[PDB]
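Protein sequence lines correspond, in order, to chains A and B.
Read left to right, the first sequence gives residues 13 to 80 (the entry's author numbering).
Read left to right, the second sequence gives residues 10 to 86 (the entry's author numbering).
The beta carbon of each residue, even a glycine, is placed where N, CA and C say it ideally should be.
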Amino acid sequence: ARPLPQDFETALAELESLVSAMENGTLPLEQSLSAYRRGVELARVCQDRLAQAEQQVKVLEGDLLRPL
Amino acid sequence: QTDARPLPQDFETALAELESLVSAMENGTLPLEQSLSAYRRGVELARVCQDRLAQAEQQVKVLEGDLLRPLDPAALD
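Written as structure tokens, this is what we have:
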């Protein structure tokens, strides 16, 4: 099975692309279930990367204010 | 007083500028007036970052919802 991207931008781009394929009404039942499993994994990667980024900004905000 | 240079509106550049202000603040060489100017720029920069993250998070949540929609059978009572 295909390796799963771990960076936000690639994961997001595959997720968008999986969604369109899902909505164009041409994926057989079985491919639709694969696309679903795949997209859950991709969305999880996107959210993990965003949580990391949120945390990094918070830490920077704290660091900015600390000297004041 | 206020830093009048245009404000980045993209996550990467705002984050990068934010890191440089933090570096400048935690060098202590900053007189008070410049610290406060650096702080306000800082808050504006962090706000761009937090806005873009919030939007990306919402975009991902919408995409998740769109993925699940075609797998919904017709509603029962």
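- For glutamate 35 of chain B, there is no enclosing alpha helix (DSSP H), as DSSP gives it neither H nor E.
- Neighbours of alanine 65 of chain B in chain A, taken as residues whose beta carbon is under 7 Å from its own, are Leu62 in chain order.
- The beta carbon of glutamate 42 of chain B sits no closer than 8 Å to any beta carbon of chain A.
- Under the Cβ criterion of 8 Å, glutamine 59 of chain B is counted among the residues facing chain A.
- Scanning chain B for C-beta atoms nearer than 8 Å to the C-beta of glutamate 28 of chain A yields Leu72, reported in chain order.
- Residue range 41 to 77 is occupied by the alpha helix (DSSP H) that includes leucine 54 of chain A.
- For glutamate 42 of chain B, the number of other beta carbons within 10 angstroms of its own is below 16, and it is reported as exposed.
- Listed along chain A, the residues sitting closer than 8 Å to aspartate 75 of chain B by beta-carbon distance are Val31, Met34, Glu35.
- CA-CA distance, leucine 24 of chain A to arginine 14 of chain B, rounds to 32 Å.
- Residue nearest to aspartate 75 of chain B within the set A:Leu39, A:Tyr48, A:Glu73, A:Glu53 is A:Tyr48 (criterion: CA-CA distance).
- Sixteen is the threshold: when 16 or more other Cβ atoms of the shown chains lie within 10 Å of the Cβ of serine 44 of chain B, as they do, the residue is buried.
- By the CB criterion at 8 Å, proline 17 of chain B and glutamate 26 of chain B fall inside the cutoff.
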